[PDB]
Structure formats: structure tokens, C-alpha cells
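The form deposited in one PDB entry is given below as one chain in C-alpha cells.
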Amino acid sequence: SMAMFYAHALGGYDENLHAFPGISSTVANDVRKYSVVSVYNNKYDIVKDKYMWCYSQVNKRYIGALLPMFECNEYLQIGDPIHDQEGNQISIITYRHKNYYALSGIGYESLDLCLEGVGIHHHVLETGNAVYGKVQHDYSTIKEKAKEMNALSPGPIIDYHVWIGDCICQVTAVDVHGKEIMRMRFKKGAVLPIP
């Protein structure tokens, strides 16, 4: 049947369709392979070695991922179809960070969460800072806190924290005492969308 793309920001979420940041679609496009995309007969270049952390929270389901992004100085509307050079539609306009536009679909490192009972928060990780739990600081302070919190018994996860830095991205999970229960690292630099 027809390849549909519904934007989550317009209420288009369908659990029976493939779900990506800001997109429910009938087909699952791998957008990692493209270096140039087109929007209304206009070609744009995919940014190399810099990505955009994009997420959408629908019902109690978090859908986050590191996505490719292309630069475009003109204003492009949410829902605008994105094509490849062969005429195929591969995505729609979703998220934006100044002159950068995310390319949503099957991308790079991703995170999916049941948000029932837990929260999630997003931070810009300042360069040079380490991360423990729900805080970011210099290595010495983070290191000493990790040893301090080490003597505590782990409680249940209550919050997730996403840290988006220019060279690394990390996700931590904390209990009620701020103790780090879990930590993932994505070895990519990225930016967050500007609403």
C-alpha cells in the first residue's frame, strides 16, 4: 500500500506503524546511507560526524535516537516530504536546531522507554564535564561523588537523564537518592532540537 508518513507533532502517532522520532510511517527507511537529501527540488548536504538527538513522547512511550541532519538556511515546515535523489520519499521534516534539520527514520544509537513511573530529562553536556547520576561536573568532583554514592544501596529507577555533548552522548538512570543505577554511552557528538 501507499507509503505514509504521519508527523507526531500533529497527532499522527500510530502504534501499528513504524515509530521514529516525530514520525509514524508505513515503511521503515534507513536514513544512515544518505549524504544528500532533497526538499521541493532543493538539495542539501548531510552533516558528517555531527548528529541530532531527537525524541518524541507519545502515550507513555519514549522514542529517542541520534539522527542525521542536513543544513538548510531556508524555513522548512514540519511535514514537508524529504526525498532522495531517486525520487523516493524517505522522511518528513521534523526537528530543527538553527540551520540544521534532522533526518528521522532508522538512524544511529537509539533509546526506547516506558515512561510510566519514571521521568526523563535532557541536558546539554558542557565540554570537558564528566557525568554521574543527575549531575555533571569536572572529573574530580564526579569521581569523588561516585565513590561517596558507592556505599549506598541502589533504589529503584525514578528518572532518566540524557546528556548531549559535542563529542559524546550519555544516558543515566537514578534512584530517589540520586545514585546512578545505569549508564549508557554513545560515542558520537550531537545537538538537541530547538523548539
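Residues that one form lacks are left out of the comparison. Superpose the two forms; the largest set of C-alphas matching within 1.5 Å is the rigid core. Throughout, we count residues from 1 along the sequence that is shown.
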Tell me which of 17-25 and 170-178 has the higher mean C-alpha B-factor in the deposited entry.
170-178
If you average the Cα B factors in the entry, which is higher, 143-151 or 31-39?
143-151
So if I compare the CA B-factors in the entry for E86, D112, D80, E109, which one is the largest?
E86
Out of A130, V162, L66, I63, residue topping the C-alpha B-factor column of the entry
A130
Using the B-factors in the PDB entry, rank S56's C-alpha atom against the chain and give the third, lowest, middle or highest.
lowest
Looking at the C-alpha B-factor of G105, is it in the lowest, middle or highest third of its chain?
lowest
Against its chain's modelled residues, does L76's Cα B factor rank lowest, middle or highest third?
middle
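What follows is about the form deposited in another entry, which we do not show.
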With the core superposed between the shown form and the other one, a CA shift of at least 2 Å among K134, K143, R32, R61 belongs only to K143
So if I superpose on the core and keep residues found in both forms, which blocks of at least 3 in a row have all their CA atoms moved by 2 Å or more between the shown form and the other one?
138-148
